[PDB]
Amino acid sequence: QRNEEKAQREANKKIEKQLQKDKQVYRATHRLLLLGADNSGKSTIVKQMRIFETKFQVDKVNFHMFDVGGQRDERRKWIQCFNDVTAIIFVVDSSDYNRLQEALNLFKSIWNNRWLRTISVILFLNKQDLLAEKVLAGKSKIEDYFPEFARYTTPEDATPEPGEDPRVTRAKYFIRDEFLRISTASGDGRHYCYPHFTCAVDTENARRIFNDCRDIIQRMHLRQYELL
Amino acid sequence: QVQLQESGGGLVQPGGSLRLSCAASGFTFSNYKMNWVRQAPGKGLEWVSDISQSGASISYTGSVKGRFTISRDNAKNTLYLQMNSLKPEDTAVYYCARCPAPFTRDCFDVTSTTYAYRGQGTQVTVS
Amino acid sequence: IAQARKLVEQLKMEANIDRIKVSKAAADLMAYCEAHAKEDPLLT
Amino acid sequence: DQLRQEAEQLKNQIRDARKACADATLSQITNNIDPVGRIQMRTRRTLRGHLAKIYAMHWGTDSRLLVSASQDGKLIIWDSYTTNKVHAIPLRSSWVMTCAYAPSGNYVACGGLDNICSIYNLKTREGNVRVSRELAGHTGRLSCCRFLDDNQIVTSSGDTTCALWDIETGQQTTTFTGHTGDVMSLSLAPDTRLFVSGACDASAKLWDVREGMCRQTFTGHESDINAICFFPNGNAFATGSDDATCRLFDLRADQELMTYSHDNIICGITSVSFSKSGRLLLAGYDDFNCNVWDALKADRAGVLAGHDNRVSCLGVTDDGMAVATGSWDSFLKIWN
Amino acid sequence: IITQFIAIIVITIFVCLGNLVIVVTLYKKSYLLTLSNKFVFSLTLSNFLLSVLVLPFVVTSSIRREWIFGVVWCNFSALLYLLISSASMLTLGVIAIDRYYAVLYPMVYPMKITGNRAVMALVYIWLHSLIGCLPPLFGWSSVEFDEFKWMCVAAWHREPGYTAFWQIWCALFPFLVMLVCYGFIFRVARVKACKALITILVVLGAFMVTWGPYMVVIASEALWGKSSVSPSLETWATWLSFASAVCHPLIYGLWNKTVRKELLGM
Ligand SMILES: CC(C)CCC[C@@H](C)[C@H]1CC[C@H]2[C@@H]3CC=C4C[C@@H](O)CC[C@]4(C)[C@H]3CC[C@]12C
């Protein structure tokens, strides 16, 4: 019996060595949950940094994002799996005002979820060019879908892209502030929403995700060393 | 089993009024955020309005804000949506939906194909 | 229509079954327990 | 409209029959027998080494080998007494929501939101564990996998379906359909001729593997059903849901029997298991604690509070000696 | 004064309990022993060894007014006291470096700091302490019962050079590292979000209050000679030196959430 116990001992030693190596590998990789809907450029975002899995590397740090699109419309069960993720990358088409309200409902539910109230959300208001064209055309008015836009003024801290129609900036920052209102209503400071104005042709979304996650981890480290 | 039986609706001229009630059975009515979701012909489900557990937090879709009012009767275990100054775009099948989890501010209830805790709905034609 | 027909058929099949008294069933569960109570180290 | 009216009439008849059979309540009849009282259970061993949250565990037919699946991409096979990892299988997909350990002990299974049940052969001549088979065909995630034998395996998916697979051929021998919500858990009968599956439509369903049709359907919860498992006798099963309640159903009675809940609990339930005698209902909760309920009195007999996060795994040995709780703090504990 | 004795009888009991509890917490369960907790385990273990192997002799010397353990044991006790004090004060600087890396560089933290590198730094802690403590073996100066301090430690007055060396090597090195790192962590934290001031001040001030008075006393004795400091001030400076072994374990074990939780649970 002693030989069997000894053999089990070196088996345990080998497996524990393997798990130490795998912990070193696992803690150095950050998991991100990619969320969105149809007509939202989740696929374009995934491909622009080069399915169920997407592997990318920024500053020798390995991020893994996951477009869970092999399931049905219901999300309440398989979204519980993604709480150890560092961030939820929520991509939304700002042009479609119809399905914008569904997007606000989804963002509100993700923000207020019990298992996602610690996971910060990186908000990608994608397809800003589409929104610009829609507002410049004027055929579809945002006030029909949001009457509050009729009484919304551009905040003084806005930093619009130079050479932009102020109506476009007003609409963009209006939808951004609509998301940020849900963000700050019950944030409690543990998680923050980081809005970004992204298009299909941009090539720096990976850097935004990297900096956002670095901010998240900085806040977590300050939290564990009880600084703030 | 969970039941949500809707009453009201029908044919109403534009600019008219209606009161869609729906009675809920099979659960504690006060614990769930209640929603009104309408589905127009030729398109998918659209969330119209929601009212929270105590009725303090009320929200509407922007298109129907001001015109339509949400209300929740805990004693009668029912949800009312009052529609006034109707428009032709308001014709749809109307459902009252529970948010799946009690004592929660989050829910996923605009599912395209099937949602387990949604009512049978009523037809509301505005013409 | 297919979903409604399948639901009706399933409801008919469920109603066609034969049920028993709840007292007999409580009795049966209590029974399983009393019988296996000795071989259950968690309770004893 | 006629079909809907007929369905309503059939439902009314079913409720009338259930009420007629409901001569007395379980609690009233069971009030005569003495309660088991407060149950004190402590962490004998803390099987640690998992790098992330654990979603499933399963005891072997031998009451020593257990198998635990965690999103750090691992299926670790432990020897319970010596706290020694017998095996550590890396997984193709990190998100495994279920795992099984074959009754013969030669095989294990994994499955999750990858939509494939991967079966690994343990007793292989060539040393390390290798991937025996892969079962694809479920269009939704997989939430529970159970072995009938070395060739028959039942897998429940999030696409409102269950499937009996012949492992050798690798194709779905039978498909069980009729749920309207994501099937979150299943359990096989001790006889392994019937099995119940609970879904997100607050509905449990008794299925016969041979026939392939829904033998029975049970309702009574208010929200998603997360766990289900037969009574040791195979004539009953307990289900936990997101509305902080358990409910016990008997297959022959064809309705609920007892409801386990309290005002002070509002978190949902995530895992339910039974002891040998069926006296104790071990249920995992989102409030970081397990509860043990008395099947006869429905009063909490003890709290297993040693986890830093929600408990997602409950496993009870075949011989009933030990129970193991797996939580999202990457810890698996055994409470003897 | 019996009061001064009374104080050591309290500081020693603390340096033993507050370090042994953390040591047993980190040893009975090794998943906590990540790099930080290991530097914290070494600190608490060394301080507990000091409380067991040095402090009782300090108490007996203070009550007996004289040394009663012989020259060889006097040398060993002073060597252990110097070694442990240097190691404990340097572990603070190493922990501050670790927190600087984890706060300023959070993406590359699992890579730039590794368990092998953690062991390298932990061994460097004691190598630096031994480089600070070997001259007593080499006879740069001497260890003798110092009456007001109440226990043998090196004669600072006789050799100002060794006193200055010990201050520069094992006393101000840890401070400069500790403050620089906590202040950089501060620029970051105020930018990010008043508790930062509270924690920086408590961490730096425990170190200052406990060790700086002793530095002033030994510097005055080395420069201005003996009797430049009154017996009460010198004795209380020594007790503050030994109370540093109370301040270190509390701050670096209990103000950590995870250690605290497990400990509290135990
Ligand atoms: C000389 C002075 C300034 C130095 C500071 C004294 C030390 C001993 C103080 C400073 C901050 C204090 C901590 C404040 C908060 C906590 C968390 C709580 O659960 C009790 C323990 C703990 C961890 C305290 C223990 C004592 C403590 C560490």
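Start at 1 and count along the chain as shown; that gives each residue its number.
Determined by electron microscopy, 3.1 Å, according to the entry header.
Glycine is no exception: its Cβ is also placed from the backbone N, Cα and C atoms.
Swiss-Prot lists region 'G3 motif' for one of the ranges A:53-62, A:63-72, A:73-82, A:183-192, namely A:63-72. The Cα of A:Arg50 and the Cα of A:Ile51, which border 14 unmodelled residues, are 12 Å apart.
With DSSP states grouped into helix (H, G, I), strand (E, B) and coil, the region 'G4 motif' (A:122-129) comes out at 2 helix, 5 strand, 1 coil.
According to DSSP, A:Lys134 (ubiquitin cross-link) is assigned to a helical segment. A:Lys134 (ubiquitin cross-link) has a Cβ environment of 20 other Cβ atoms inside 10 Å. On its own chain, A:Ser186 (phosphoserine) has A:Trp111, A:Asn112, A:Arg117 as residues at least 6 apart in sequence with a Cβ closer than 8 Å to its own Cβ.
DSSP gives A:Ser186 (phosphoserine) a coil state; it is part of no helix or strand.
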